[PDB]
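For the sequence shown, PDB author numbering gives the first residue as -14, with consecutive numbering after it. The C-beta atom is built at its ideal place from N, Cα and C for all residues, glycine as well. A short worksheet on the structure shown next.
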Amino acid sequence: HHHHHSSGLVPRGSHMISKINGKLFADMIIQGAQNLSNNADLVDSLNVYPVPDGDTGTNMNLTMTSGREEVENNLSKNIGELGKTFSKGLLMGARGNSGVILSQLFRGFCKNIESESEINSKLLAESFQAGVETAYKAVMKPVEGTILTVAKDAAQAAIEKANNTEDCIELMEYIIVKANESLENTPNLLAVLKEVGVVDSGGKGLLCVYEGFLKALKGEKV
Ligand SMILES: Nc1ncnc2c1ncn2[C@@H]1O[C@H](COP(=O)(O)OP(=O)(O)O)[C@@H](O)[C@H]1O
Ligand SMILES: [Mg+2]
Ligand SMILES: [Mg+2]
Ligand SMILES: [Mg+2]
Ligand SMILES: [Mg+2]
């Protein structure tokens, strides 16, 4: 077997997050929104599906900004309450296919935590999963190779990793790795992406939000 551990010492270190309260979630939202805003022109230029109308980044940015502004004006330590504020802002500001889907992903995420004051890594993962289920149900004819695919693959990664990972920083790092793998695979699912030579614009915007989430978990700003 192993050495039977009985030391009274508690491990040292401070660069881990085991609980996410409403203010940390707000910081995630704010940095995710800022990172998306900084990448909006690129995300627009990648847009080819359904139509190459140059707007995915703008659409997602405006949607996320509506959520961010509600959050900044109504902060709370209670993550469930903060999520209600964020969800409302997204849902009253959603634009484009991408912004509608984004608002539905986060509607499901936030509903899953509505009665919590803080969440751990397992509940974070479960909430990404809940968001994916809400978004697929909201789209009448889901297509693979899109923001839905990337969100789905990210949530599957989250559930697998959280089962043995208490640290939300490590969890979010892994989610981003796997979301990026999914995003790079989108042209293998959706023909126009491969023909033009781009990844999915909605999925890229979602990865920008997730990368801001990670920055906030580390106590950093975009
Ligand atoms: N049926 C669908 N299933 C999954 N994702 C979709 C669908 N339709 C659009 N999208 C997502 O939206 C992105 C384009 O967003 P956007 O430019 O806002 O669209 P639009 O200009 O058509 O409203 C795509 O990259 C894709 O991920
Ligand atoms: Mg459009
Ligand atoms: Mg478009
Ligand atoms: Mg670490
Ligand atoms: Mg690949």
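Problem set entry | Enclosing alpha helix (DSSP H) for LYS146 [first to last residue] | 132 to 147
Exercise. Measuring CA to CA, which of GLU55, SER(-8) and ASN173 is closest to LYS69?
Worked result: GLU55
Exercise. Quick one: what does DSSP say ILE98 is sitting in, helix, strand or coil?
Worked result: coil
For this session: Indicate, with yes or no, if ligand 5 has a heavy atom lying under 7 Å from the CB of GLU155.
Result: no
For this session: With a threshold of 16 other CB atoms inside 10 Å of the CB of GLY(-2), please say whether the residue is buried or exposed.
Result: exposed
Problem set entry | Sequence-distant residues of the same chain with beta carbon closer than 8 Å to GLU196, five excluded per side | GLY17, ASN20 and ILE161
Exercise. Where the beta carbon is closer than 5 Å to any heavy atom of ligand 2, which residues qualify, in chain order?
Worked result: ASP38 and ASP40
For this session: Pull up the distance between the alpha-carbon of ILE86 and that of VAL28, whole angstroms please.
Result: 15 Å
Exercise. Is there contact between the stretch 7 to 15 and the stretch 25 to 44, where contact requires at least three CB pairs shorter than 8 Å?
Worked result: no
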